[PDB]
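Only one structure is covered here, and it is reproduced in the block below.
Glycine also receives a Cβ, built like all others from the backbone with ideal geometry; neighbour counts cover every protein chain displayed. None of the figures in this text is laboratory data; all of them are computed from the coordinates on show.
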RNA sequence: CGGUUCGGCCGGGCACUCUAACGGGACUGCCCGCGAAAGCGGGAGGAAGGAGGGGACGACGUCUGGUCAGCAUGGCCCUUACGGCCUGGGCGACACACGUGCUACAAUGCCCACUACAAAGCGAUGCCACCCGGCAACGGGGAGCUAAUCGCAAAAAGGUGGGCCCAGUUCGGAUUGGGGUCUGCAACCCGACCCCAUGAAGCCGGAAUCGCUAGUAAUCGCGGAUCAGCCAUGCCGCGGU
C-alpha cells in the first residue's frame with residue numbers, strides 16, 4: 001500500500017487539528033473503530049479467526 | 001459468501017483463545033494494536049521453527065506467551081542462545097517486563113498449523129503438483145486422524161481458474177458441535193500467484 | 001484501606017484463578033470481601049463479510065467481560081506481606097489501588 | 001402455513017364490562033397498538049347510545065350481525081384460463097368478526113371530526129341503511145346472481 | 001423517463017435519440033414504468049447492455065451481450081418489449 | 001381589534017386575540033397583558049375604547065413591526081441581495097441565506113414546487 | 001414475624017412487605033385510594049383479594065421499582081401467591097382457579113438487521 | 001445569523017502583504033488564495049484578487065460590501 | 001424491634017430485589033381413540049411444552065455476478081515523470097425521473113401543573129451533580145468517576161383537570177433577514193443548536209406496491225458506536241404500551 005497520506009499522522013498535523021481515526025493497516029477513516037483501530041476490512045477476517053481476547057459472535 | 005470458521009464459535013466456549021489475556025481499557029487501541037506490530041515480526045522471524053500454536057499470557061504488565069514449535073528444544077539453539085535474545089528482542093519494541101515461555105509440538109500429523117506450513121514450503125521453490133494431492137493425505141490416517149477433508153484455494157501449478165480438492169471421510173462434521181479441529185495460518189507465497197491453506201481435520205470428541 | 005480490582009475473559013480460568021489467591025487470605029484476614037462477579041461489560045462487534053455491492057453480508061461478533069474488585073480496608077499482616085503480588089497465570093491486569 | 005392449522009387463543013375478555021365480544025373489535029380498533037387508547041374511546045361511544053338513542057348502549061346486542069349479514073363473500077377459484085372471485089355459502093363463523101369490518105371504513109372516510117363525534121354519527125347509522133356499513137354491505141349481496149350459482153356446488 | 005449510464009463510454013445524443021426514439025414508439029407498451037435506468041458495459045468478447053425499470057405493479061429486467069454495442073442496446077430493449085408482452089398475457 | 005393596520009382579531013377571549021395577530025407571539029401576547037394589568041381570561045369586544053386606549057398607546061408603542069415593518073419587509077434583505085451577496089449571493093439570486101443546501105432542503109426559494117424533469121441517468125438515490 | 005410475597009412482570013419487580021392491619025395499603029405515601037385515580041387497569045392488581053375476600057384483613061407495603069408501571073402493576077399477582085400461600089399454605093386451592101400469577105413474557109421483540117419492529121418491513125416500488 | 005463571538009478570522013499569512021499597501025506606500029492588485037478572511041476598516045477600498053480552488057476572482061472591498069469572511073461572495077459552483 | 005434534621009440517614013441480618021455459578025429442570029415420564037408400528041388428537045402439570053420463543057449455524061453446490069481502488073496481491077501500463085509538499089474548490093449545484101428514511105393532514109391535538117415506571121452501556125485526558133448569571137443554546141469555582149456505590153437523564157409517551165370547537169385549522173412544520181453558542185489561529189462554501197418575526201404541500205393522495213402468525217404490527221421515546229468538532233430523519237441495541 002502507498003503512504004501518500006501519513007504526513008498527517010506525524011504527531012499534530014497542521015495547526016494541531018486534523019485527526020480522523022483510520023485503520024491500522026488499511027487506511028479507511030470511513031469504516032473504522034477508535035477503541036480498536038481497525039476498519040471492518042482487514043479486521044473482519046481476524047475477527048472469527050481467533051485473535052480477539054474473548055470476543056465471540058452474537059446470535060439468538 | 002457462506003460457511004464460516006467453525007472453530008471460531010468454540011474459541012470462547014470450547015477452544016482456548018490465542019490472544020487470551022486480561023488488561024482492558026485504553027490498551028485495546030494502542031497496547032493491543034502493538035500486539036500485531038510485534039506479531040508481524042515474530043511470525044516472519046522464525047516461521048521455519050515450525051510453530052503450530054501461538055499461546056499468549058499477557059499478564060498484568062507482565063506478559064508471558066508460550067508458543068508451541070515443531071523442532072523441540074532445537075529452536076532454543078545449540079544449547080540456548082537466541083532464546084535469551086528473544087526475551088530481550090521484544091523488549092526493544094516493548095520492554096514491558098515479559099517472561100518468555102516456549103513448548104514443542106508433538107503429533108504434527110494432527111497439527112494443521114504445522115502441516116499447513118509444509119504447504120507454503122512447497123510453494124517457495126516449486127515442489128510436487130498433481131501427485132502432491134494425496135502426497136499429503138497419507139500421513140493423515142498413518143496415525144489415526146479420522147477424516148481427510150481439507151480445502152485449498154485454486155490453480156494447479158499454473159492453471160487459469162481456481163479449482164478445489166476433493167476427499168471426504170471420517171465423522172468430522174461442521175453443522176454440529178462434535179468435531180474439535182485445529183489449524184494455523186499458512187500464507188502461500190507463490191512465484192506465479194499466492195493462494196490459501198485450509199488444513200482442518202478431526203482432533204477429538206468430548 | 002486498600003483497593004484492588006480484577007478482569008479477564010475466559011471465566012473458566014478467571015473464577016478459577018480467583019480464589020486461587022482469594023482463599024489464600026482468610027488464614028489471617030476477617031470474613032474477607034467474597035466472590036463478587038460484577039457485571040459483564042459486553043462488547044458487540046460486527047464484520048461486513050463482503051464489501052462492494054449486494055448489501056447482504058455482515059454478521060456480528062462479541063467479547064465477554066468479567067471483572068472483580070475485592071477491596072479489603074484494614075488488611076492483616078499475614079495477608080499483606082503474605083500473597084504480596086503473586087500472579088503467575090495470564091487473564092487479569094490487576095492494580096493494587098487503595 | 002400448511003402442515004398445521006394451529007389452535008386459536010381465546011382473546012382476553014373485557015374488564016370494565018367483562019365480555020370477549022367487546023374487546024373483540026377493540027383489538028383491531030387499537031391503531032398502532034395501545035390498549036389504553038381504545039380502553040378510553042368507549043367512555044363516550046356507549047353513552048352516545050345511552051344518550052341520543054332512546055335506549056341504553058347495552059340494548060345494542062347483535063346489532064352488528066344485523067347490519068352486517070350479507071349472503072355472499074370474497075373468495076377465489078381457478079378454472080383453466082380465467083380468474084373470477086367465486087363467492088358462496090356464508091357462515092356465522094366469520095360473520096361475527098367481519099361484522100366489525102365496515103365499522104373501520106365507516107370510521108375513517110368521514111366528513112366530521114374526532115372519533116367521539118364519528119362514533120355518534122355512525123352508531124345510529126346501524127339500522128336502516130345510511131352511510132357505508134349497510135350501504136357497502138348490501139352491495140356485497142348484489143355480488144350474487146351471476147355468482148349465486150356457486151351455491152349447490154359446496155365441496 | 002430515460003437514464004443511460006456506462007463505466008466505459010459516454011452518452012451521445014445518437015445513443016440517447018436511438019433509445020429515446022424507441023421509447024416514444026413503445027406506445028402500446030405505455031402503461032407504467034417510473035424513471036427507468038439503462039447501463040452499458042463491455043467485455044473482450046463484445047458489449048453488454050443492462051436495464052431496470054420500476055413500475056406500480058412490479059419490476060422488469062433485461063440484458064444483452066451482442067458483439068455490437070448498438071445491437072446489445074437494441075436487444076436489451078427488445079426484452080423490455082418482449083417482457084411487457086407477457087405482462088398482458090393472453 | 002381595529003387599532004392599527006388591518007388588525008381585526010375578535011369573537012373570543014383576549015388572551016387568544018393577542019398572539020392572534022401577524023406580529024404578536026409569546027413575549028408579546030400575555031406578556032403585554034401584564035404590563036397593562038389585564039387577565040388573559042377576558043373578552044375582546046367587551047373591552048370598550050377605554051381598555052383599547054391602553055393598547056392604543058402602550059401596545060401600539062411597538063418598534064418597526066407587522067403593520068409598520070411593511071417598509072423593510074424586503075429592505076431587511078435589500079442590503080444583502082443585489083450587491084454581490086452570496087444570497088443575492090443568495091441575494092443576487094434571492095435564494096435561502098442561512099446555512100443550508102440548495103439541491104434540496106431549501107426548495108422554499110430556489111424552484112417553487114413545480115415538478116422538474118427528474119434526472120434519468122445519474123443515480124437518483 | 002409476618003411473611004410476604006414479591007412480584008414480577010416484564011423486568012419489573014416489586015417488594016411488598018404485607019403487614020397486619022385494616023386492609024387498604026398506601027403506595028410510598030400515596031394509597032391507591034389517593035394515588036392511582038381509579039386507573040382502570042391499575043385497580044385489578046388485587047383481583048385475588050376481591051376473590052378470597054381478604055384485603056380488609058391486612059395492610060401490605062407498597063414500593064414498586066423497575067420496568068414500566070403497566071408491567072409493574074402486574075408484578076403483584078406474583079407476590080400475592082408468594083405470600084397469601086406462604087403464610088397461609090392452605091390458601092393454594094382457590095389460587096389455581098385464577099392462575100393470573102403467570103407473567104406473560106410478551107415483550108417488545110428485539111430489532112433485527114434493519115428489520116424495524118422485529119416483524120415490519122418497508123415497501124417496494126417498480127419491480 | 002452567522003457568528004464567532006469575537007476575533008473574526010482574517011487570513012494573516014497575507015495580511016502582512018495586504019497591509020504593505022498601507023505601511024509606507026500604496027499599490028494596486030495583489031494576489032490571494034482564500035475565502036475565509038475578514039476585512040477591517042483599516043484596509044478598505046483597494047484592488048484585490050483571490051482564488052477559489054482552481055479559479056481566480058475579482059476583489060475590491062467597498063462600503064457597500066461589509067468585509068466579512070469573503071468566501072460568501074464567490075464560492076465555487078458554476079452552472080449554465 | 002429500636003431509631004426517624006422523615007429523606008433509607010442509623011443500629012442490623014438473612015430472607016428477598018436483581019445480579020453471579022453449578023445442579024436439576026420439559027424427552028410427554030402416566031390414560032385412551034386411532035396403530036400394521038416406529039405414531040396424529042383432550043387431561044396431568046410445572047416457571048413453562050411439543051424442534052419453548054430467538055439468532056448465530058448457514059450442506060458439498062447455481063448464477064461462470066460483482067470488491068485487484070482500500071490488505072494480500074500474476075501480469076501488464078508511467079517511467080522529469082498516471083512520482084511529489086501545499087493552499088482552495090465539486091461530492092450540501094441544475095429543467096428534471098423515482099428509491100431509501102424522517103416528520104405531518106390532527107382536534108386522538110395546542111399548550112399549564114405535578115408524577116408512578118425498561119434494557120443497555122459508558123465518562124483517562126474523559127464526563128457532569130451543585131454554586132450564580134441566565135429566554136437558553138451557554139458559561140466560570142471545580143466536588144466527584146477507572147465506578148451495583150458520583151454523572152450522563154426531574155426517560156418519552158402516559159395519567160387528572162384547565163383553558164381550545166373543523167377553518168386549511170394555537171395541525172404540520174419546508175421556509176427568509178437580524179442576532180447568539182460549540183469545534184476550530186477558521187465553520188462564505190457547507191454546522192446543528194437559543195431567541196424575534198415567520199409559515200407552504202397537505203381533509204388519506206389516479207394506478208401500483210410492502211411487512212408480520214405475538215407480543216405482533218403499530219405509536220412515543222433512550223442510549224451506544226463512530227466522530228477531535230459538527231448536522232443522525234442512517235446504523236446496533238432497549239423499552240412504556
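When a/c is below 1.5 the answer is rounded, else prolate if a/b is larger than b/c, else oblate, so apply that to the protein assembly as shown with a ≥ b ≥ c taken from the square roots of the Cα gyration tensor eigenvalues. Cα axes put the protein assembly as shown in the rounded bin. Under the rule a/c < 1.5 gives rounded, and otherwise a/b versus b/c splits prolate from oblate, where does the stretch B:95-206 land using the Cα gyration tensor? Since a/c reaches 1.5 but b/c is at least a/b, the shape of the stretch B:95-206 is classed as oblate. GNM, chain G, Cα, under 10 Å: largest mean-square fluctuation among G:24, G:112, G:96? In the Gaussian network model the winner is G:112. Each part reduced to its alpha carbon centroid, the stretch B:81-99 and chain A end up 27 Å apart. Measuring max minus min along each principal axis, the C-alpha atoms of the stretch B:1-150 give extents of 49, 43, 27 Å (largest first). Ellipticity at 222 nm from helices only: DSSP H runs of n ≥ 4 in chain G, each -39500 (n - 2.57), divided by the residue count, give -4000 deg cm²/dmol. Taking a ≥ b ≥ c as the square roots of the eigenvalues of the Cα gyration tensor, chain H is classed as oblate, since a/c reaches at least 1.5 and a/b does not exceed b/c.
The helix-only estimate of mean residue ellipticity at 222 nm for chain E, built from DSSP H runs of length n ≥ 4 each weighted as -39500 (n - 2.57), is -12000 deg cm²/dmol after division by the residue total. Across B:62, B:109, B:101, mean-square fluctuation computed from a Gaussian network of chain B (C-alpha pairs under 10 Å connected) peaks at B:62. Structural descriptor for chain D: relative contact order 23 percent, calculated from alpha carbon pairs under 8 angstrom and at least 6 residues apart. Residue exposure proxy: G:95, E:87, ordered by other Cβ atoms within 10 angstrom of their Cβ from fewest to most, comes out as E:87, G:95. When C:52, B:202 are sorted by how many other C-beta atoms sit within 10 angstrom of their C-beta, beginning with the fewest, the order is C:52, B:202.
So which residue, out of B:196, B:184, B:40, gets the largest mean-square fluctuation from a GNM of chain B using Cα contacts under 10 Å as springs? So, out of B:196, B:184, B:40, the one fluctuating most is B:40.
State the dimensionless ratio Rg/Rh of chain C (Rg: radius of gyration of Cα atoms; Rh: Kirkwood radius). Using only Cα positions, Rg/Rh for chain C is 1.21. Our summary gives chain A a relative contact order of 18 percent, counting only alpha carbon pairs under 8 angstrom and 6 or more residues apart. Taking other C-beta atoms within 10 angstrom as a stand-in for reagent exposure, H:33, B:166, D:155, E:29 fall in the order D:155, B:166, H:33, E:29, fewest first.
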